[PDB]
Amino acid sequence: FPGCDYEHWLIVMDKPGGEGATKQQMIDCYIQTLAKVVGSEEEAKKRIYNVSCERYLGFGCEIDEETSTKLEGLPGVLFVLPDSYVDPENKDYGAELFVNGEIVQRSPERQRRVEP
Amino acid sequence: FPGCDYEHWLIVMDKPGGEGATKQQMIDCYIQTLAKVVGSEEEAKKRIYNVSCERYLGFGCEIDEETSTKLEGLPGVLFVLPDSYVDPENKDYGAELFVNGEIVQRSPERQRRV
């Protein structure tokens, strides 16, 4: 599958962070969770390329396969699976684009390419 | 991981049976979805070993790797991952036990192990 290089991982979580959490609170939880295996929150922001707060709750990050297995044990983590492109022409793994800790909006044309 | 033999697959789905679907509508969706790659609904009931209607929406089934890749394409399917035991001593993949199209309750002690 294109984009599936086992260097990009989709991490699905149960209730980050807690019941009735805001988008902002889930994203902090995503960052804090990944931080526990990459050393710090700033390194975590560097590695996360997208975040999901609907359809499924989770995030995509650039980590090696060894690091991804260290995520499996962590509280709150449901699944850790190898990610692949939703839109190969733009190397887009889908969900909401997340770059350096910021949500980035796609152009309207690209958002249609990522539509299910 | 124990029980992870790539013959047991956890299929996670996006709102099975629609918004605010009942358990049965979710379960009906699991069966009908798996039926499209396994040949029939009666066969689908044979292959599903558990169902999940909370925490995540999906089901566990015994299928080969070739079949699981055919599930990825189907409408409604989010993730298809190789399943593994939650309670290895009882070869239990977790969630809600599903036998012959019916949800089966575990003994109270076994519930705690899961």
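Chain order of the listed sequences is C and E. One point on numbering: in my numbering, the residue at position 30 of the first sequence is 48, and numbering is uninterrupted. One point on numbering: in my numbering, the residue at position 20 of the second sequence is 63, and numbering is uninterrupted. Beta carbons: idealized from backbone N, C-alpha and C, even for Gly.
Distance, residue j Cα to residue i Cα
| i | j | result |
| --- | --- | --- |
| E/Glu115 | C/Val56 | 30 Å |
| E/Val129 | E/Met56 | 20 Å |
| E/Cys104 | E/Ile91 | 4 Å |
| C/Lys109 | C/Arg131 | 11 Å |
| C/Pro126 | C/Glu133 | 11 Å |
| C/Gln123 | E/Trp52 | 35 Å |
| E/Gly61 | E/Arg153 | 31 Å |
| C/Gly38 | C/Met44 | 10 Å |
| E/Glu108 | E/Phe102 | 16 Å |
| E/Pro131 | C/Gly112 | 35 Å |
| C/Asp46 | C/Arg73 | 18 Å |
| E/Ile106 | C/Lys88 | 28 Å |
Per-residue DSSP class, three states only, for residue i
| i | result |
| --- | --- |
| C/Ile81 | coil |
| C/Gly76 | strand |
| E/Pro151 | helix |
| C/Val55 | helix |
| E/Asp48 | coil |
Opposing strand residues paired with residue i [DSSP bridges]
| i | result |
| --- | --- |
| E/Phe141 | E/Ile146 |
| C/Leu28 | C/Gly78, C/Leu99 |
| C/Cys71 | C/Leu75 |
| E/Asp71 | DSSP output for E/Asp71 lists no bridge partner at all. |
CB-CB length for residue i against residue j, believed under 8 Å
| i | j | result |
| --- | --- | --- |
| E/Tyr49 | E/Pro125 | 5 Å |
| C/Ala62 | C/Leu75 | The pair is not a contact, with the Cβ atoms about 17 Å apart (cut-off 8 Å). |
| E/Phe122 | C/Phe97 | 6 Å |
Proximity test, Cβ basis, 8 Å: residue i and chain D
| i | result |
| --- | --- |
| E/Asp57 | Chain labels in this structure do not include chain D; the protein chains are C and E. |
8 Å Cβ cutoff met for residue i and residue j
| i | j | result |
| --- | --- | --- |
| C/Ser86 | C/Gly21 | no |
| C/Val117 | C/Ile29 | no |
| C/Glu60 | C/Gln50 | no |
| C/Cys71 | C/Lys33 | no |
| C/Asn68 | C/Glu114 | yes |
| C/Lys54 | C/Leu92 | yes |
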